[PDB]
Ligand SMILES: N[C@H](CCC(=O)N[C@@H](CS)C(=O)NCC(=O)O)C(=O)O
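Shown below, as structure tokens, is a lone chain in the form solved without this ligand; questions about how it binds or moves come after it.
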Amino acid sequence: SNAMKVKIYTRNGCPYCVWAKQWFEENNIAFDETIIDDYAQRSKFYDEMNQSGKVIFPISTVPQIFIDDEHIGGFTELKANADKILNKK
């Protein structure tokens, strides 16, 4: 509504996903997580996404974060934009 549309793509056994997730969690920001376990499947996804132009740099890992349909990026991108974002609530 007045909330942020947060979309996060993840996989298992990735520390950086967990770390990302919990930044939202401890900041009380609800998000839609999509997990993609299979390597092969993630690969197909990077390919699709990269060709779509929804993304501001070519992705080849997770996490990937989108807020309000803007590619943010990975955790290091998140931490970089931590303020822009928190001042969006």
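In this text, residue numbers run from 1 along the sequence as written.
The next section is about a form of this same protein that is not shown, the form deposited with this ligand bound.
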property: Candidate from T61, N27, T34, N50 lying within 4.5 Å of this ligand in the deposited complex - any heavy atom; result: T61
property: Close approach of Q22 to this ligand in the deposited complex, 4.5 Å, heavy atom; result: no
property: Any non-hydrogen atom of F66 within 4.5 angstroms of this ligand in the deposited complex; result: no
property: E70 within 4.5 Å of this ligand in the deposited complex, heavy atoms; result: no
